[PDB]
């Protein structure tokens, strides 16, 4: 019952992680390991109910909502973007499909919304004259996943915030997951700690922030989400189907199978392949992909990193083992460290 402490003891000291939580779900049984402070100043400890910034892990909720919108007939994940942003008809961006957005299959975009773009309408104009340098390649970007959330919310008739908080979060059974944290919950909201200055920090506003990286959640709520991703949760047939839609293999990269935001590796894996697949050389440049309808192996591990300036997160699920792990820290620390420590914890659990 002490496996998570041993697995993360090294990274906590190598990167001075002020607070960290590890939730594990295995055969439906939830366990948590908590250590350190959510806030240094008032010495609030981390608990399973401390809220952390999820960063890119927010994109999981995004694609689930798009899949749930498809289950309801509000959109089709195969339609072109131009069906929903009609000023983009005839342009390369308007001929991307919603699936292309969910899988980064765009041919090359900057990771961040350009500094010069002031809002989402201006971003749509910017996309109209964008030309992918390497058509057909995978290119990890907030721009494309953010646009999909904007499209989905538009099809539902409400802000992406209201789509998250009144549609997908309740459908998933979550009670401590927010785009906008309410007054009664702000005391639970951890401070982040900047890598360089060690100064307290919190995500700052930005174009498509809600849609791409604006979710805050707790370890306890994330285990509820992972039980649903493992197929062993309580949800309507809609949501069970939407969850499964987001894990289907869509494209094959050199190192893993790209699903909707989920990235799926064979199980068992060489952890070095998990490290490289989550390394910057792979993340920040276009990669060639082969189209395919499934993963090469029928036993897989699916993972997702997520960071803000002050936070470092990671989730992994092994469905053939009914195993799910979430690791949330209020220090942004390297992807390689999250992978190796989580892979170490998983091997101990299954030993």
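Positions refer to the first chain, counted from 1.
- Here 210 to 218 and 226 to 234 are compared by their mean Cα B-factor, and 226 to 234 comes out higher.
- When the two stretches 126 to 134 and 195 to 203 are set side by side, the higher mean Cα temperature factor goes to 195 to 203.
- Looking only at 100, 180, 71, 121, the residue with the top Cα B factor in the deposited structure is 71.
- The residue among 175, 89, 104, 273 whose C-alpha carries the highest B-factor in the deposited model is 273.
- For residue 259, the recorded CA temperature factor ranks within the lowest third of the chain's modelled residues.
- For residue 287, the recorded CA B-factor ranks within the middle third of the chain. Only modelled residues enter the ranking.
- Placement of the Cα temperature factor of residue 20 within the chain: middle third of the modelled residues, per the deposited record.
- For residue 55, the recorded CA B-factor ranks within the lowest third of the chain. Only modelled residues enter the ranking.
- The entry lists a Cα temperature factor for residue 75 that places it in the highest third of the chain's modelled residues.
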